[PDB]
Amino acid sequence: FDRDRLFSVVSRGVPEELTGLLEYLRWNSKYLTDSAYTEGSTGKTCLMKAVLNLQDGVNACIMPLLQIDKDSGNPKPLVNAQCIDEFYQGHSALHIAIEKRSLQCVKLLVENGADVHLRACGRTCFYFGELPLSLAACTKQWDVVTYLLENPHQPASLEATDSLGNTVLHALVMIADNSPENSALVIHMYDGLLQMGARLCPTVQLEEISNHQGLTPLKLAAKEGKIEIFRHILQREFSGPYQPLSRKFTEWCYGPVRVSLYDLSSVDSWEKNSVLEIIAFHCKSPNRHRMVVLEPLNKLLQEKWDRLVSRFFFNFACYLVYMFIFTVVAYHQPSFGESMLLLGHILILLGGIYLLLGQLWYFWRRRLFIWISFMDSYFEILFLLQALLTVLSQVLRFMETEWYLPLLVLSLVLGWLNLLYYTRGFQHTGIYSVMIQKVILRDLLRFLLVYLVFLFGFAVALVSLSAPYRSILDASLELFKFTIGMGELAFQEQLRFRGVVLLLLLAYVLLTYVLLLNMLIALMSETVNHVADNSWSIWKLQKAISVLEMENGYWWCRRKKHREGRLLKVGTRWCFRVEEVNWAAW
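Residues are labelled from 1 along each chain in written sequence order, independent of how the entry numbers them, and those without coordinates are excluded. Shown here is not the whole assembly but part of a larger one, and the values apply to the part shown. In computing side-chain values, all of the structure's heavy atoms are included and hydrogens and water are not. Residues with missing side-chain atoms are left out of burial classes, side-chain pairs and their counts.

- cryo-EM is the method the PDB entry states for this structure, with the resolution given as 3.39 Å.

- Going by what the PDB entry lists, the chain is known as Transient receptor potential cation channel subfamily V member 2 and is assigned to Rattus norvegicus.
- UniProt positions are given in the numbering used here, feature names are shortened, and annotations may be inferred rather than shown by experiment. Its UniProt record gives the chain the following Catalytic activity (unreviewed entry) comment, quoted word for word: "Ca(2+)(in) = Ca(2+)(out)".

If you want it as structure tokens, here you go:
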């Protein structure tokens, strides 16, 4: 019956759940819908309440409850109580039992048949993998995970997918955290499951299954910013009977030298969407600059940066030549002839078209998505802006318009200003790389706005109080001179008797001094801290971005990527020789 009194008596009212009658005879009419109205309140079942019991004795009484009923006129939905609430959909009692640390309960539940490949969702606030095996692995239940996949007549596939395409290995990475108490658990369970996978089915590699978006556990650990598990996977050296299928093995260890062969699944060539692109481009975590100082990556980055450093300075020289030519042509503007002005105009127009096409191609390829909108792309917008201004100014010359000269001059100024993009070559300007964006953002576009607001509020008052012809030009020009140190104050004539005019300037100078004093302290506050490290890593990230961008080639296709490694012997595999030299001194 649906009466709550009977269920309360059976479950909690009295441990004597063996009433005898129950639904043993004449109750076999229930064959279509044995849930909701007849079982549970709205989305639960009697099995869920039975498995919620704490004492082992009453837990052992579950088997008599489902005895005979498991093979009675009751239909197939015996244990798989798929909730239709759309909120806890498919949250059968098996997941609850696995959540409980008891082993005999889950053993009894699985021995009665049931199913282990049922999802926990149909698409809360706790993502574990939406699978029984995934939940058991994430809950660190060694006995449950050991028993689920081998012992029963119906096993659980180790490479079973998920709603999003994940597997247990992906799930162990998604739930990972930088906290050591969770990092140790994740690493230990990942290693144990990887080792057991070899025993179960060694004919399939578990770290090659991709998500619906094409990511593997190594790449999934890099996109999401998880550093500890990523570091462990990069430097995995587990050996013994399962020494093969690893990542870092030493070749010889003569003295302090420990030359080793790091495996490479993070090579740009012959592999699209590698780990380096994900770290550099497709990442938004605060740790993205900390994942590039790792040992197997620094050597690969330097061996490409040194090999491709001539082109950086070649482009630098070619840009300096273009800027010198632009300045020379601009300076000799009449307002020799027909021999240098025409050639300079043609060269400037061609140079502008070149930089316009290059920046358009760069934006089309890379930034089809959001560029974090706040970092690492300012110099890629300033180049486009300068090229567009130069092209427009050079076009407007043929129209005999008066706006050609201001646009040309502004383009020249912006082109000279953009030369700071190359300060990251041999020049170790990492000191300015720290306080070059954290001092302009939120500090020059936030406090300067208030200063402009005060200036424009005082200029109009000065004009309206008193011959000033323009409200926002005549008074503003003299009001701005207080900041630079050229403001002039006087008692003036006696047409308005003045007085308040002096008071307004006295207020203005005090306000524009206290604002500067506060602005200085605001930027100083971020100097006492962020000193220990917090540098030399973002510089390496910028160098990595530059190296990755260069290898794609120029606007045309006069560049093709080349191989990085070689078919080194597996041992029973493209590898990179890292000649570690560390004085452990033991």
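Okay, back to it.
1. Looking at the overall build of the chain
- Helix and strand definitions follow DSSP, with helices as H or I runs of at least four residues and strands as E runs of at least two, each counted in order from the N terminus. Summing up its helical and strand segments, the chain has 23 helices and three strands in all.
- Taken over the C-alpha trace, the chain has a radius of gyration of 36 Å; the compact-globule value for 586 residues is 25 Å, which it surpasses by more than 25%.
- Along the first, second and third principal axes, the C-alpha set of the chain runs to 110 × 75 × 60 Å. Both definitions apply: the radius of gyration is a C-alpha atom measure, and the globule rule equals 2.2 Å times residues to the power 0.38.

2. Description of the packing of helix α17 (residues 378–396) against helix α18 (residues 404–417)
- At a closest axis distance of 8 Å, the pairing of α17 and α18 adopts a crossing angle of 155°. Put simply, α17 runs roughly antiparallel to α18. In this structure, the crossing between α17 and α18 has a hand that is left-handed. Across from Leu382, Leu385, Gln386, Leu389, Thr390, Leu392, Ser393, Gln394 and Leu396 in α17, the residues of α18 making contact are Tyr404, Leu407, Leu408, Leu410, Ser411, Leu414 and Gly415.
- When residue character is reported, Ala, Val, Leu, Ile, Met, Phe, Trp, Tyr, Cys and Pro are called nonpolar, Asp, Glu, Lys and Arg charged, and the others, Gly included, polar. Its residues placed into classes, the contact of α17 with α18 shows ten nonpolar, six polar and no charged. Axis lines are fitted to C-alpha atoms, over the contacting stretch for helices. Their N-to-C directions set the angle, which ranges from 0 to 180 degrees. Angular relationships are summarised with four words: roughly parallel below 35 degrees, roughly antiparallel beyond 145, roughly perpendicular across 65 to 115, and oblique for the angles in between. It is the rotation of the near helix from the far one that decides the hand of a crossing: anticlockwise by less than a right angle makes it left-handed, clockwise makes it right-handed. Whether two residues are in contact is decided by their heavy atoms: any pair within 4.5 Å suffices.

3. Considering the pattern of salt bridges
- Counted as salt bridges are all cases of a side-chain nitrogen of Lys or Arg within 4 Å of a carboxyl oxygen of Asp or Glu. Under the definition given, this model contains 14 salt bridges.
- Salt-bridge contacts for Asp376 lead to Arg288; the nearest nitrogen and oxygen are separated by 3.4 Å.
- With a 1.4 Å probe rolled over the protein chains alone, any residue whose accessible area is under 20% of its type maximum counts as buried; one over 50% counts as exposed, and the rest are partly exposed. What makes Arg288 buried here is its relative accessible area of 12%.
- Here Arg498 ties to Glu493 by a salt bridge, and the two come within 3.0 Å at their closest N and O atoms.
- Counted as one network, the salt bridges with shared partners bring together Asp268, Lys304 and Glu551.

4. Thoughts on the pairing of strand β2 (residues 260–263)
- Along β2, one buried face is formed by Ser260 and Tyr262 and the opposite face, lined by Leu261 and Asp263, is buried too.
- Criterion used throughout: strands pair if DSSP finds at least two bridges between them. In this sheet, strand β3 (residues 575–578) lies alongside β2 in antiparallel orientation, the contact comprising four bridges. When the bridges of β3 are listed, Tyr262 appears paired with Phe576.

5. Observations concerning the sheet that holds β3
- Spatially, three strands are ordered β1-β2-β3 in an open sheet, and the strand pairing comes out antiparallel. The sheet terminates laterally at β1 (248–250) and β3, the two strands that pair on one side only. With strand direction ignored, the average angle separating the axes of adjacent strands in the sheet is 25°.

6. A short note on the environment of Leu360
- Mapped onto the fold, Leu360 is located in helix α16 (residues 341–365).
- Given a relative accessible area of 45%, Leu360 falls into the partly exposed group.
- As for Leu360 and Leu384, which are separated by 24 residues in sequence, their C-alpha atoms are 7.7 Å apart.

7. With respect to the side chain of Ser274
- Within the secondary structure, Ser274 sits in the loop between β2 and α13 (275–280).
- Polar side-chain contacts of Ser274 include one of 3.3 Å to the side chain of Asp268.
- Excluding anything up to four places from it in sequence, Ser274 contacts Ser266, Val267 and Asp268. Think of a polar contact as two N or O atoms within 3.5 Å of one another; within protein, one of them needs to be a possible hydrogen donor and the other a possible acceptor, and neighboring residues in sequence only count if both atoms come from side chains.

8. What about α18?
- The span you would expect from a helix comes to 1.5 Å times its residue count less one. End to end, α18 covers 20 Å across 14 residues, agreeing with the expected 20 Å (1.5 Å per residue, within 8%).
- Taken together, the buried positions of α18 are occupied by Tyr404, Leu408, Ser411, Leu412, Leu414 and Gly415. One side of α18 holds all its buried residues, which, seen down the axis, span an arc of 165°.
- Looking at the buried side of α18, the elements it contacts are α15 (310–331) and α17. Taking the helix axis as origin, the arc is that swept by the directions to the C-beta atoms.

9. Some thoughts on the packing of aromatic side chains
- Only rings of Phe, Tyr and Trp enter the pairing, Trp through its six-membered ring, and a pair is recorded when the two centres are within 6.5 Å. The plane angle decides the type: under 30 degrees is stacked, over 60 is edge-to-face, the rest tilted. Inspection of the entire model under this criterion finds 24 aromatic pairs.
- Both a distance and an angle decide whether a charge sits over a ring: NZ of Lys or CZ of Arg must be within 6 Å of the ring centre and within 35 degrees of the ring normal. Between the NZ or CZ atom of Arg365 and the centre of the ring of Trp361, over which it lies, the distance is 4.1 Å.
- Sitting above the plane of the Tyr421 ring, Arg424 keeps its charged end 4.6 Å from the centroid.

10. Quick notes on the UniProt feature "transmembrane region" (unreviewed entry) in the chain
- Per the UniProt entry, the sites bearing "transmembrane region" (unreviewed entry) are residues 312–331, 339–357, 369–391, 403–423, 444–465 and 495–516 in this numbering.
- For the annotated span residues 312–331, helix accounts for 100% and strand for 0% of the residues, and the straight-line distance between the end C-alpha atoms is 29 Å.
- Measuring from the first to the last C-alpha atom of residues 444–465 gives 31 Å, for a span that is 86% helix and 0% strand.

11. Brief notes about the side chain of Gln386
- Tracing the chain through its elements places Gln386 in helix α17.
- A relative accessible area of 1% means that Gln386 is categorised as buried.
- Among residues more than four places away in sequence, those in contact with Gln386 are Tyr319, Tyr322, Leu355, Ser411, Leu414, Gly415 and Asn418.

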